[PDB]
**Student:** 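To start, I am sharing the structure in question, which I have written as structure tokens.
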Amino acid sequence: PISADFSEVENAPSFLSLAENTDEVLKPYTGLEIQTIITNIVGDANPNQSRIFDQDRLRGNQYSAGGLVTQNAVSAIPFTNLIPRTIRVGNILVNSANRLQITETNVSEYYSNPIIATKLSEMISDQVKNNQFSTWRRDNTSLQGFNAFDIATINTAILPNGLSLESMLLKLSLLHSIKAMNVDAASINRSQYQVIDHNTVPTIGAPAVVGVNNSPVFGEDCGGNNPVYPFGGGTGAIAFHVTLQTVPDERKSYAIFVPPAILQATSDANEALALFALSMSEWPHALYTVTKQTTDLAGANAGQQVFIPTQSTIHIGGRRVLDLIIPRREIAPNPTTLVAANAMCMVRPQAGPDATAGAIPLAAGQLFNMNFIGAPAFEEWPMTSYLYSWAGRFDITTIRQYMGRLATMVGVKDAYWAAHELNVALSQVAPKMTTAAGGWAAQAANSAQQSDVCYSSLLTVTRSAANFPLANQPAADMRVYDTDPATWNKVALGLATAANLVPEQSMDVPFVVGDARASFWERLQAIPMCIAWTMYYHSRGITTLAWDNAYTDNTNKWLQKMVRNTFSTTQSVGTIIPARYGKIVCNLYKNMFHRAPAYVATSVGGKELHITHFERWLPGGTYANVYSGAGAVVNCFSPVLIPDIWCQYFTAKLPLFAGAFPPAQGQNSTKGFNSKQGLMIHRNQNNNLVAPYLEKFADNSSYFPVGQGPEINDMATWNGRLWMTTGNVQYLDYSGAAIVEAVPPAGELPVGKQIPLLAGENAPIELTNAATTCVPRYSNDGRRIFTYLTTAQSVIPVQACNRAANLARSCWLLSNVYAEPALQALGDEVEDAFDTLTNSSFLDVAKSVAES
Amino acid sequence: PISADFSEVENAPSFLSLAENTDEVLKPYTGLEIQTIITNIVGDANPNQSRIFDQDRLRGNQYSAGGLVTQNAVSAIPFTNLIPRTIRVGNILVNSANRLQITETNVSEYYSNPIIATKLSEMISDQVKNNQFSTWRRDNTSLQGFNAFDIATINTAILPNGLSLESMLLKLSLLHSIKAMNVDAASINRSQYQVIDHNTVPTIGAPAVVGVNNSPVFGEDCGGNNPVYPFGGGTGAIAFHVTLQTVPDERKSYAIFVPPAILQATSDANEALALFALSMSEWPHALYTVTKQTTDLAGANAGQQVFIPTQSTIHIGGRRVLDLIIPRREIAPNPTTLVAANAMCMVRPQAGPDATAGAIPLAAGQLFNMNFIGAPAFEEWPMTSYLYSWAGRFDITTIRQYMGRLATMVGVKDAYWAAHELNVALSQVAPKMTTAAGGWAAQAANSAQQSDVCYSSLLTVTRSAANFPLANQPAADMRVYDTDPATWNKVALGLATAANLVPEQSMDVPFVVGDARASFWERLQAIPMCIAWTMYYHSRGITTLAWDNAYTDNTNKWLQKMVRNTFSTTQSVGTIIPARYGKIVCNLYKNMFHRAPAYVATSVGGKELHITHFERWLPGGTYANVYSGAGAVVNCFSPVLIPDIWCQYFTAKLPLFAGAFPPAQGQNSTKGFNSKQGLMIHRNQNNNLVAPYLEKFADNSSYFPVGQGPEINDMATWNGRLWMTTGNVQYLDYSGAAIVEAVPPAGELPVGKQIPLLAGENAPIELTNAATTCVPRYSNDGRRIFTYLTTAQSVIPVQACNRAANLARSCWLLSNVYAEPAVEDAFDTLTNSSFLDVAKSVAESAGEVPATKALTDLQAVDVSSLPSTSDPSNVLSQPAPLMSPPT
Amino acid sequence: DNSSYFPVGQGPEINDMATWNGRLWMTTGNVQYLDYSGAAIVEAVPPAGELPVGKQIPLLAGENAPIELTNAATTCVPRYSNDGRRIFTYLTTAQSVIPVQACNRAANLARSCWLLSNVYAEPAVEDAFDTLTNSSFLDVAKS
């Protein structure tokens with residue numbers, strides 16, 4: 001919440017109070033309620049437009065430190081999934097000079113929730129014991145359409161593990177988010193097309209067109225008509241079978257059974273089949289491309305423009321080749337000829353509408369020639385091309401059918417929400433901030449700095465180093481669980497069940513999937529996630545250089561344990577052990593929002609535990625920094641991506657050091673903290689250097705002792721923001737000598753990204769769009785960092801900490817915050833009669849919110 | 001501790017009191033025990049802030065026997081790991097004339113903790129037995145993506161030895177010791193560069209540069225950019241694999257699976273692969289080189305001076321060729337084509353940022369082409385060059401992170417601390433002492449005597465006799481345990497466990513790893529080791545020549561047993577046994593320092609015995625002696641290497657014979673022991689020779705009887721020191737005849753090394769910096785040794801033994817303090833509970849999974865036929881499990 | 001540790017032990033009188049290692065002049081600079097080691113002294129005529 005008065009910031013909660021464990025169960029924080037914070041907003045100059053195309057932005061009145069009012073000023077929504085591949089320069093589209101962003105992932109295995117045998121399997125193994133399965137005929141089959149000898153031989157496997165469904169559903173949701181862009185232009189907000197390329201204006205007239213392997217530069221086409229996997233190159237393989245007898249040896253151990261339930265999932269069984277195949281093979285198989293018409297800022301130069309979705313570049317799985325066992329619609333013995341095998345199947349597999357080339361070309365609608373026990377030759381198709389054919393026909397409504405069918409077969413609720421959380425955490429992305437004295441700034445067009453971007457986690461994303469197909473040394477980001485084929489087959493055929501395998505109604509499928517607003521909701525869910533990480537990296541003053549080197553090159557023990565404990569570690573079996581300090585970040589999320597992140601089961605030796613996306617990042621990354629104008633790297637600050645107003649206006653609660661400044665010219669305007677609470681000033685007047693009231697030193701006044709770092713103290717961080725928000729702060733050390741870290745040109749602070757204005761809107765003024773909360777305290781060398789002013793510049797702010805003066809800072813006039821007159825002729829305290837008439841009806845709302 | 005009055009020396013503990021074995025548990029000697037005394041630092045502090053560059057001396061006021069007081073007197077720290085490779089002569093840097101020091105190790109399998117199969121392997125065997133009812137080839141689950149047939153072969157025929165992990169951890173700690181040097185000069189002592197070359201002065205302004213294969217002299221660049229082994233002179237081979245089936249049949253029995261618990265980082269994973277490859281091949285793979293800017297004593301001349309670290313010279317024989325099996329990215333059929341193999345790697349191996357020449361040249365960053373089924377040509381690389389390319393990139397903080405990931409699979413705390421103890425025992429080294437009257441001496445620059453050196457055990461280090469690579473091999477100096485690849489494979493995957501292999505709740509390593517302060521501490525841990533070994537040798541009177549020939553001597557029989565039980569050459573029931581008398585030195589260390597040395601276990605029939613580094617030396621080396629001012633050897637003394645102020649100022653308890661001479665205090669100064677202690681003066685036929693009060697048996701032996709030697713007496717040793725400490729002694733026979741052993745020029749005693757002074761310092765005076773406790777008693781040919789004075793020179797010392805008179809001696813002006821053996825972050829307080837339960841669960845994590853036998857049973861055709869039902873797992877008996885018992 | 005300038009309304013406290021160590025530092029022949037940061041203070045300082053000493057007078061036969069620091073003020077340990085800075089006494093690290101261990105009572109410092117003992121006296125006449133007249137004096141004095 002933003003503060004109307006300084007009493008509101010004195011009464012704010014401590015960081016430690018919010019990092020404390022909360023025991024109660026909480027609701028998920030959907031974008032369907034995050035949506036309403038952007039709409040339904042104070043301000044009279046606002047033309048409250050209905051279309052979601054225009055609800056893309058944070059609008060509001062503002063108030064200057066000089067006492068002036070500014071109407072309908074603007075702040076952009078920081079995240080996006082699109083990556084530009086054509087860039088406007090000189091009012092025209094021009095081919096991009098920068099390489100594509102890439103993401104990578106490691107598999108894990110799932111011993112949690114071990115399976116339980118059904119009565120069916122137990123009676124079958126019983127029959128194996130009393131007989132030798134000798135009772136059965138050559139042609140006996142179940143109603144499902146598989147013969148008994150196969151079910152019997154599958155039954156004989158014994159499995160330690162549970163079943164997961166995670167990687168599966170994740171691939172389905174990534175594809176969902178890519179297909180969700182195909183709706184009409186009114187249904188997607190235009191700010192998403194200009195977070196990176198800020199010289200470009202999308203047209204509302206036509207929908208974006210989703211294609212594949214159409215990219216202009218850097219080998220992005222992936223060989224075009226002959227499709228090769230973007231990572232590593234090469235084609236896969238896919239084959240179809242009526243029995244597992246026909247699958248070749250050394251592949252018999254890896255075969256998947258396709259239940260008839262997958263085949264009756266949708267109106268076209270081939271589409272459901274290809275969807276299952278894509279769901280259980282390696283991702284990506286190809287690079288999808290979003291094309292959208294755009295025009296010049298003057299409107300002069302319209303044309304089509306290409307974008308590459310962030311979901312398209314994440315790397316998951318490794319199963320290049322696969323075999324699928326298909327139901328037989330008739331009760332028959334295993335086929336000996338080709339025509340018998342063709343007639344035998346429940347529905348014969350077919351190529352999709354879009355034809356492809358290659359050594360094994362596929363004509364559109366081409367029918368597969370089924371395998372049989374006679375083997376003049378084994379028969380097979382290239383897999384990337386088989387998926388290139390069906391790539392255009394996948395659609396969010398059909399995916400909604402498919403999810404309903406899966407929900408009926410096994411519960412998909414919890415698992416899909418968790419997979420959706422991972423989709424948000426991996427695909428949503430924001431550009432690195434540039435520094436300024438004023439309200440708005442951005443990096444040069446088609447510059448390398450324009451395209452640097454980061455996660456909600458504030459880890460910078462990896463960039464490709466060479467033309468596709470890639471032959472890179474991998475640099476993975478996070479671990480994910482994998483879906484096991486044998487454990488799959490035991491469940492697909494009624495041979496086993498688990499505690500998390502309970503069947504559900506189709507009605508219970510989460511509402512995001514198949515909805516056309518989903519893209520928008522995606523962006524929204526990125527905002528709270530950052531806030532939590534932002535509060536973790538700011539409570540301690542560690543600089544970005546110190547975060548870049550703690551894991552790889554620094555002799556201080558405390559940074560080493562610090563970077564080490566923020567991330568997860570492996571168990572002897574190879575299972576995840578969750579990140580130790582990650583549990584803190586989760587707590588923050590639940591105290592600032594009163595909503596919960598998705599939980600996932602995990603085990604250590606046969607002991608239950610949970611895991612969230614907060615606890616599953618890998619150590620060894622590089623961190624967010626900011627750029628000076630002209631693009632020089634600066635890294636004195638603790639890492640930052642998004643402006644304070646975002647952190648301040650969405651939280652139900654924030655820690656004291658992060659509160660908003662009250663408006664200028666009132667009684668109880670911005671102030672500071674002094675000795676009485678417990679602080680002490682450092683002075684250096686021999687060199688014109690004065691620093692705020694700070695924490696009492698503990699033998700760590702100039703160098704921190706090895707094995708210790710700066711303490712959490714909200715009030716000193718606050719005073720440091722006060723010294724910073726004054727015009728010319730200077731970042732030096734205890735003696736007043738220069739620190740090793742690169743520093744901003746004097747007076748500059750990092751600020752939010754510029755976007756083109758709508759008519760009637762204004763650029764934000766002053767530090768209204770600045771990030772202020774990231775005050776440095778700990779350098780890579782281990783020395784303390786000090787914010788200094790000169791002895792003259794420092795005289796009023798000292799009196800304000802001392803509470804014998806007020807300070808003046810800019811604000812947003814939102815949510816009960818009003819402007820302050822220059823006089824301040826106070827009267828007797830007086831409740832207004834309208835506030836007494838409406839007091840109860842007002843409290844009822846708060847109580848109703850407290851219930852929720 | 002330093003005596004203040006004669007009452008304190010007279011009441012000091014007897015030697016037999018301190019060599020008794022003790023029962024209490026004790027904390028490790030971390031080396032901060034000395035740091036509190038010889039330095040400013042009181043609490044944890046930045047090494048750069050502290051300038052420990054200047055914290056490298058014993059300092060203090062000294063009192064002279066003539067009654068003057070010298071202020072700011074100094075004594076150097078004896079040990080170092082750096083061997084100068086260019087030397088200053090005539091104020092000008094010049095090349096070394098002396099060949100390099102070398103060490104050799106013995107490496108063998110021995111019994112450790114008993115081992116047992118985990119629950120998970122019982123699961124795998126149940127899977128095979130349940131499969132046997134079918135026609136289907138999929139026998140068991142394929143763990144962590146490795147081929148299921150490979151899990152089937154790894155999960156078979158376990159060895160009863162247990163597993164050690166010692167050689168691995170040694171190689172890692174040697175490398176950590178070498179890269180530790182690379183930090184800035186403000187955190188390394190000046191003295192470390194001038195223990196041997198006392199004429200050079202290192203500059204504080206630049207960090208030392210560590211490199212590989214650079215040395216100017218004697219062929220010590222082992223191939224240079226075309227590397228070869230320093231000892232073998234060959235080159236290795238290294239090959240990477242996805243499955244065991246592609247490994248050539250000649251060496252499938254030697255292969256090592258690489259666990260994926262390491263390689264989990266976003267970065268530095270290929271480097272982790274190179275490092276893991278280094279920890280299981282032969283050492284050294286190259287000669288490392290430390291290069292430091294230095295200047296002349298006046299600070300005029302300046303240059304880059306070359307040094308060889310000792311850690312890079314000590315040989316640990318291992319495999320030369322090797323085959324590693326990389327984790328698969330997803331369960332899948334084995335690759336039949338190259339692209340399928342390259343796409344499938346979890347971490348794809350590559351060369352480090354440093355090009356090499358020769359056959360199979362390696363470009364920086366070069367990627368490896370994976371081996372696969374049906375491949376036209378097998379691929380591999382030379383290993384010495386692969387380890388060469390990464391060699392310049394390794395550093396301390398990465399080794400710490402690696403070792404921390406390694407910590408979560410297996411116990412590595414105690415094992416690492418023991419291997420670190422062995423590091424310090426083989427690496428810290430001191431130059432031999434010079435005899436003199438005064439407080440300081442040194443041998444001529446660039447001479448054989450300048451560079452002759454010794455272990456903390458008082459044994460000289462052998463030199464090379466020819467240019468590198470060495471055509472031949474030295475006798476082994478010490479024996480270490482080896483690490484078997486088979487049982488490593490079983491344990492890395494979770495198939496087996498033992499009490500020493502259990503992961504520890506700290507989930508963390510010893511404090512020494514990852515610190516820039518490590519070199520200083522390692523330098524300080526060698527001191528206690530020498531204090532205990534010198535007490536061992538000086539309790540008895542044997543001379544260096546007599547030790548030097550003791551093993552084979554047939555003049556006397558006791559001398560042979562004495563030499564023979566100080567080394568490790570006994571075994572029983574298939575396993576190594578500790579030296580019988582090394583336990584005495586171990587006992588002495590505990591009673592004197594109130595700390596416990598690190599130890600490994602050995603199982604003897606299942607009983608556990610501890611073994612410290614004291615008990616594992618091997619016979620064959622030469623004992624330390626001292627040189628004359630001219631460089632002639634002196635044999636007459638007991639072995640010695642350090643001045644006795646180091647011994648007597650850093651102990652909690654000290655044997656009586658070794659204490660300091662007490663300070664003058666009015667009338668009373670120094671005092672002796674007489675016939676009222678049970679002693680007797682010795683006289684011979686010659687009337688102008690007198691020897692002190694000595695044990696009564698001394699009157700009835702001139703040759704010791706065969707099967708007997710000189711006894712422990714502390715008081716007689718005391719009077720022996722009082723006689724020697726006069727400036728005019730004779731080292732002679734019962735009859736006054738000359739002994740066979742070489743004796744020093746008259747009145748001289750060995751003294752500690754000279755180093756250049758800082759402004760305000762003074763050199764040590766008189767006998768304030770000398771060994772004194774080395775009193776000879778056993779001649780090489782079996783004669784007793786006596787110390788004689790003339791009659792007139794005899795009168796005051798005898799009355800002083802009678803306590804009628806007083807002797808005048810120098811002392812340090814120092815007090816006694818011996819410290820007690822002794823951080824939560826706010827985040828740690830936030831998370832302490834969850835850490836406390838999860839750490840408890842990891843201790844039992846083993847090969848455990850939540851699925852029980854009771855669940856898996858329901859999935860079986862026949863429970864009674866399950867091998868888990870008919871063979872529940874047991875810990876293996878030792879040396880062997882029972883086979884074919886008589887029904 | 002938490003002041004380089006004293007806070008307004010506050011100055012250095014009585015501590016006798018800290019003043020003692022201040023004297024032990026000064027009494028070495030090579031001290032630096034400096035700032036928290038090691039910078040020079042505004043006040044004039046003596047040529048290095050010197051301390052104020054008592055006045056010279058001519059000797060009588062058999063007398064000797066006082067030696068070393070046996071005739072000097074030592075107790076004058078500066079702490080409050082004119083411009084509000086604290087004053088510190090600094091040694092170099094190598095010069096620092098023996099004095100620090102002496103504060104720890106592991107080592108010993110060498111100083112001159114007088115060879116003198118302690119005696120402090122208690123705070124302390126009738127004539128025959130006075131005894132003759134004592135009574136009359138006692139009453140008349142009262143009157």
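No hydrogens, no waters, no symmetry mates; every other heavy atom, side chains included, goes into these values. Lettering follows sequence order; numbering is per chain, from 1.
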**Student:** Scan side-chain atoms only and decide if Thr28(C) and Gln95(C) contain a donor-acceptor pair under the 3.5 Å cut-off.
**Tutor:** no
**Student:** Taking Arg79(C) for the side chain and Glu13(C) for the main chain, is one N or O donor matched with an acceptor at less than 3.5 Å?
**Tutor:** yes
**Student:** So, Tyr693(B) versus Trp723(B), ring centres under 6.0 angstrom or not?
**Tutor:** no
**Student:** Any sub-3.5 Å donor-acceptor pair from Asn72(B)'s side-chain atoms to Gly760(B)'s backbone N or O?
**Tutor:** yes
**Student:** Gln62(B) side chain to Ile765(B) main-chain N or O, any donor-acceptor pair under 3.5 Å?
**Tutor:** yes
**Student:** May I ask you to test the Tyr649(B)-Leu814(B) pair for a side-chain heavy-atom distance under 4.5 Å?
**Tutor:** yes
**Student:** Quick one: do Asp197(B) and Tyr193(B) satisfy side chain to side chain contact (heavy atoms under 4.5 Å, CB included)? Show the steps, please.
**Tutor:** CA-CA 7 Å; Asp197(B) 187 5; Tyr193(B) 296 92; over 6 Å; no
**Student:** For the atom pair CG (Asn684(A)) and CG (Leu689(A)), what is the distance rounded to the nearest 0.5 Å?
**Tutor:** 4.5 Å
**Student:** Would you please name every residue forming a side chain to side chain contact (heavy atoms under 4.5 Å, CB included) with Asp130(C), sequence neighbours left out?
**Tutor:** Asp127(C)
**Student:** Indicate yes or no: at least one non-hydrogen side-chain atom of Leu51(C) is less than 4.5 angstrom from one of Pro46(C).
**Tutor:** no
**Student:** Are more than 12 heavy atoms from other residues, nucleotides or ligands located less than 6.0 Å from atom CG of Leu34(C)?
**Tutor:** yes
**Student:** Donor-acceptor pair, distance only, cut-off 3.5 Å: does the side chain of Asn61(B) make one with the backbone of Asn108(C)?
**Tutor:** yes
**Student:** For a 4.5 angstrom cut-off between non-hydrogen side-chain atoms, does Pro745(B) reach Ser628(B)?
**Tutor:** yes
**Student:** Return each pair, listed once, that meets side-chain hydrogen bond (donor to acceptor under 3.5 Å, both in side chains) where at least one residue sits in residues 50-66 of chain C; pairs must be two or more places apart or across chains.
**Tutor:** none
**Student:** So which heavy atom on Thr791(B) is nearest to which on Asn688(B), and how close?
**Tutor:** N-OD1, 3.4 Å
**Student:** For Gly672(B) and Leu722(B), work out which heavy atoms get closest and say how close.
**Tutor:** CA-CD1, 4.2 Å
**Student:** For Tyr36(C), is the NZ or CZ atom of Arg683(A) found under 6.0 angstrom from the centre of its six-membered ring and inside 45 degrees of the ring axis?
**Tutor:** no
**Student:** Can you list the steps and then say if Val31(C) with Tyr90(C) is a side chain to side chain contact (heavy atoms under 4.5 Å, CB included)?
**Tutor:** CA-CA 6 Å; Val31(C) 189; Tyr90(C) 297 104; over 6 Å; no
**Student:** What are the two closest non-hydrogen atoms of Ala436(B) and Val751(B), and how far apart are they?
**Tutor:** CB-CG2, 4.0 Å
**Student:** When you compare the side chains of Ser191(B) and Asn189(B), does any donor N or O come within less than 3.5 Å of an acceptor on the partner?
**Tutor:** no
**Student:** Any side-chain heavy-atom pair from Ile188(B) and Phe53(B) closer than 4.5 angstrom?
**Tutor:** no
**Student:** Of all heavy-atom pairs between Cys76(C) and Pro78(C), which one has the smallest distance, and what is that distance?
**Tutor:** O-CD, 3.3 Å
**Student:** Quick one: does any side-chain atom of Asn301(B) pair with a main-chain N or O of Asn91(B) as donor and acceptor, under 3.5 Å?
**Tutor:** yes
**Student:** Does any part of the side chain of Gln35(B), heavy atoms only, come nearer than 4.5 Å to the side chain of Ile52(B), both counted from C-beta?
**Tutor:** no
**Student:** Using distance alone, with no hydrogens and no angle criterion, decide if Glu766(B) and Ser64(B) have a side-chain donor and acceptor under 3.5 Å apart.
**Tutor:** yes
**Student:** Please round to the nearest 0.5 Å and tell me the distance separating atom OG1 of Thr787(B) and atom CG of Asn719(B).
**Tutor:** 9.0 Å
**Student:** A quick test of your reading: do over 12 heavy atoms of other residues, nucleotides or ligands sit less than 6.0 Å from CD1 of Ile57(C)?
**Tutor:** no
**Student:** Got a donor-acceptor contact below 3.5 angstrom from the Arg23(C) side chain to the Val77(C) backbone?
**Tutor:** no
**Student:** Can any side-chain N or O of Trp646(B) pair as donor or acceptor with the backbone N or O of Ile77(B) at less than 3.5 Å?
**Tutor:** no
**Student:** Would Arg803(B) pass as a cation-pi partner of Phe673(B), given that its NZ or CZ must be under 6.0 Å from the six-membered ring centre and within 45 degrees of the axis?
**Tutor:** yes
**Student:** State, with a plain yes or no, whether a side-chain heavy atom of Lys671(B) is found less than 4.5 Å away from one of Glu10(B).
**Tutor:** no
**Student:** Assess the side chains of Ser7(B) and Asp5(B): does a donor N or O sit below 3.5 Å from an acceptor N or O?
**Tutor:** yes
**Student:** Are side-chain heavy atoms of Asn40(B) and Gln55(B) found at a separation under 4.5 Å?
**Tutor:** yes
**Student:** With side chain to side chain contact (heavy atoms under 4.5 Å, CB included) as the criterion, how do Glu43(C) and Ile87(C) come out once you've worked through the C-alpha distance, each side chain's angles and the decisive distance to 0.1 Å?
**Tutor:** CA-CA 10 Å; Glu43(C) 296 166 344; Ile87(C) 299 169; 3.9 Å; yes
**Student:** Over all heavy atoms of both residues, which pair between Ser37(C) and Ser735(A) is shortest? Give the atoms and the distance, please.
**Tutor:** OG-OG, 3.0 Å
**Student:** May I ask you to decide whether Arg190(B) forms a salt bridge with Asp56(B), counting only side-chain N to carboxylate O separations under 4.0 Å?
**Tutor:** no
**Student:** Quick one: does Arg88(B)'s side chain get under 4.5 Å of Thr294(B)'s, heavy atoms only?
**Tutor:** yes
**Student:** If you compare all heavy atoms of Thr70(C) against all heavy atoms of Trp114(C), which two are closest, and at what distance to 0.1 Å?
**Tutor:** O-NE1, 3.0 Å
**Student:** Ignoring hydrogens and geometry, is there a side-chain-to-backbone donor-acceptor pair from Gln101(C) to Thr36(B) under 3.5 Å?
**Tutor:** yes
